[PDB]
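Report on the structure given below.
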Number of protein chains: 2
Amino acid sequence: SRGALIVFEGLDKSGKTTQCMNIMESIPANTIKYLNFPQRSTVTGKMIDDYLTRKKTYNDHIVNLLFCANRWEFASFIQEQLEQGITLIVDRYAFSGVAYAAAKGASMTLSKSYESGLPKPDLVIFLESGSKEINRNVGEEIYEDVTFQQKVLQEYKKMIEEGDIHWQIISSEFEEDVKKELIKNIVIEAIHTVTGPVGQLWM
Amino acid sequence: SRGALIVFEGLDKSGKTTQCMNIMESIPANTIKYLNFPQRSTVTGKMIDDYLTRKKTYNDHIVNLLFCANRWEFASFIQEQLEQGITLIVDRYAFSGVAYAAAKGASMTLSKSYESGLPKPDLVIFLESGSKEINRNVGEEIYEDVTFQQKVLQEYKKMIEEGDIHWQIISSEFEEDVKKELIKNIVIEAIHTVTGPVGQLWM
Ligand SMILES: O=c1[nH]c(=O)n([C@H]2C[C@H](O)[C@@H](COP(=O)(O)O)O2)cc1/C=C/Br
Ligand SMILES: O=c1[nH]c(=O)n([C@H]2C[C@H](O)[C@@H](COP(=O)(O)O)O2)cc1/C=C/Br
Ligand SMILES: O=c1[nH]c(=O)n([C@H]2C[C@H](O)[C@@H](COP(=O)(O)O)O2)cc1/C=C/Br
Ligand SMILES: [Mg+2]
Ligand SMILES: [Mg+2]
Ligand SMILES: [Mg+2]
Ligand SMILES: [Mg+2]
């Protein structure tokens, strides 16, 4: 009877931050914990920040592993909370890693290997971006480019189709309040219906 | 008439740090530079430090690339010094990477690919560990386990037999002062007999 590991994925500006906000308001905080990635506060965070804000560059090789290492700092914490019965709501995760790394020409099976071992999600909510959402990308940050996002999406779809992971795909076409309600409902369900040990991702 | 790139390898507790100390004392310092790996001071260093001292874990596959990236920070520096006529004395290198990564079940040819491109050594001094040396491993750090080191050695031996690299294998059975003398002698020779461009490793 652990907490549930719930992960939000999607393109930039798909509004997964908003939806995370809903869940946090819809559920009592003594039982739930919000986790954003990347965690820009850490050592690997500040560096990631410099790269996304265009005030430093790195090897494609260096950024791929900064993001990964950025997650591993927290793999202990994640595990501990779930066991302590706290449910985790996580903005971006392993998949943000692989899809974005792979979109940049990296090997999808290799990107996966690096994540291989992390706490495995019980539910992954993917937010579709329609017209007025993809074209929300105005390059204030590094990956925020319409043509590139279309490329990430190719990699996301690929991983979904591989489903050993429980995915819930939310259409772009729902109405704000209705999307909010729908998600809120699958979330609380994920939480009452959870059992067993925390899974290990891609192992 | 560059400097020579000289690399020390061997199991843990094979005393390659001692022997590096000899070379540094036996040769004038305006001409020679000592380089330890891993370079635990850097960003990838501190992380490597956390992993070896058991205060963080990571994907096997991630640690593999922490170590690699840890070497690349310095590939520029190495190159520059050799060209500037300084000889490099390096504790652990590319091979520490491959042998340890491969011992942990990774692909030997893949581990190599990641190192592929680094400055190529003119001399690689491998220190054999006998009885009282292997059994010096008491697990104060993560790879310091007798049964695992026996596995790394298998991977070292393999790479030696591939010799496109100039290796000098120093027996365990020599006497301290005599080992010191012998190494001191091959080193200064490596240094007077060096010519041409710095090689690129495994390319
Ligand atoms: O692992 C990653 N995680 C990640 O979020 N990104 C990217 C995803 C997004 O473009 C950017 C900023 O995210 P937010 O501010 O919208 O949360 O970080 C990239 C990688 C790997 C790149 Br190689
Ligand atoms: O830190 C690095 N610096 C570097 O120049 N390189 C370089 C190493 C190699 O020459 C080059 C080839 O890149 P691709 O063929 O994948 O495009 O990557 C690699 C690393 C890897 C750290 Br892990
Ligand atoms: O690339 C590597 N380089 C390396 O030095 N090591 C290892 C070799 C040794 O077990 C450990 C402790 O460092 P020392 O202070 O004794 O030099 O670092 C491991 C890898 C890859 C492992 Br996967
Ligand atoms: Mg953004
Ligand atoms: Mg966000
Ligand atoms: Mg050691
Ligand atoms: Mg050392």
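Chains: A, B, ... in order of the structure tokens. Residues: from 1 per chain. Ligands: from 1, in order shown.
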
Shell of 10 Å around ligand 6 (only C-alpha atoms and all ligand atoms), written as an MDAnalysis selection string: chainID B and resid 11:14 17 38 52:53 137 139:144

Taking only C-alpha atoms and all ligand atoms into account, which residues are within 7 Å of ligand 3, as a PDB file with C-alpha atoms, in the first residue's frame?
ATOM      1  CA  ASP B  12      43.433  -1.358  -6.944  1.00  0.00           C
ATOM      2  CA  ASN B  36      45.348  11.279 -11.453  1.00  0.00           C
ATOM      3  CA  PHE B  37      42.101   9.692 -12.658  1.00  0.00           C
ATOM      4  CA  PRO B  38      39.480  10.016 -11.698  1.00  0.00           C
ATOM      5  CA  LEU B  52      32.790   5.089  -4.909  1.00  0.00           C
ATOM      6  CA  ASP B  60      25.877   1.016 -14.101  1.00  0.00           C
ATOM      7  CA  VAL B  63      28.689   5.568 -14.008  1.00  0.00           C
ATOM      8  CA  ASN B  64      30.372   4.304 -17.177  1.00  0.00           C
ATOM      9  CA  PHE B  67      34.133   8.232 -15.828  1.00  0.00           C
ATOM     10  CA  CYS B  68      34.466   8.785 -19.532  1.00  0.00           C
ATOM     11  CA  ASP B  91      47.344   7.318 -12.919  1.00  0.00           C
ATOM     12  CA  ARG B  92      44.538   5.290 -14.630  1.00  0.00           C
ATOM     13  CA  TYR B  93      43.099   6.128 -18.046  1.00  0.00           C
ATOM     14  CA  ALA B  94      40.893   4.800 -20.875  1.00  0.00           C
ATOM     15  CA  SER B  96      40.651   1.628 -16.298  1.00  0.00           C
ATOM     16  CA  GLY B  97      37.376   2.609 -17.957  1.00  0.00           C
ATOM     17  CA  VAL B  98      36.917  -0.305 -20.333  1.00  0.00           C
ATOM     18  CA  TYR B 100      36.064  -1.949 -15.074  1.00  0.00           C
ATOM     19  CA  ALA B 101      33.021  -1.230 -17.263  1.00  0.00           C
ATOM     20  CA  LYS B 104      30.480  -5.197 -14.784  1.00  0.00           C
ATOM     21  CA  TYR B 143      35.129  -1.710  -6.550  1.00  0.00           C
ATOM     22  CA  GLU B 144      37.516  -2.823  -3.805  1.00  0.00           C
TER      23      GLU B 144
END

Nearest to residue 89 of chain B among B:168, B:31, B:1, B:113, with distances taken over only C-alpha atoms: which residue is it?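 The closest residue to residue 89 of chain B is B:31.
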
Proximal residues of chain B relative to chain A (only C-alpha atoms; 12 Å) as a list in words: residues 42, 43, 44, 46, 47, 48, 50, 51, 55, 56, 57, 58, 59, 60, 61, 62, 63, 64, 65, 66, 67, 68, 69, 70, 72, 73, 106, 110 and 114 of chain B

Of the listed residues B:2, B:54, B:166, B:40, that which approaches ligand 7 most closely, counting only C-alpha atoms and all ligand atoms: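 Residue with the minimum atom-to-atom distance to ligand 7: B:40.
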
For segment 174-185 of chain B: contacts at 8 Å, only C-alpha atoms, fewer than 4 positions along chain excluded, given as a count of residues only: 6

Enumerate as JSON, numbers by chain all residues of segment 46-194 of chain B assigned to alpha helix (DSSP H) by DSSP on the backbone, naming them with the chain letters and numbers the document uses. {"B": [46, 47, 48, 49, 50, 51, 52, 60, 61, 62, 63, 64, 65, 66, 67, 68, 69, 70, 71, 72, 75, 76, 77, 78, 79, 80, 81, 82, 83, 94, 95, 96, 97, 98, 99, 100, 101, 102, 103, 108, 109, 110, 111, 112, 113, 114, 115, 131, 132, 133, 134, 146, 147, 148, 149, 150, 151, 152, 153, 154, 155, 156, 157, 158, 159, 160, 161, 176, 177, 178, 179, 180, 181, 182, 183, 184, 185, 186, 187, 188, 189, 190, 191, 192]}

Exercise: residue 128 of chain B partners within 10 Å, only C-alpha atoms, chain neighbours under 5 positions left out, as a list in words: residues 9, 10, 11, 14, 15, 16, 133, 134, 153, 169, 170, 171, 172 and 173 of chain B

From the set A:4, A:188, A:24, A:35, which residue has the shortest atom-to-atom contact distance to ligand 5, counting only C-alpha atoms and all ligand atoms?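 Of the candidates, the smallest distance to ligand 5 is held by A:35.
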
From the list A:163, A:196, A:45, A:121, which residue is nearest ligand 1 when using only C-alpha atoms and all ligand atoms?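 Nearest candidate to ligand 1 out of A:163, A:196, A:45, A:121: A:45.
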
Can you list every residue in segment 36-160 of chain B that DSSP puts in strand (DSSP E or B), as a count of residues only? 15
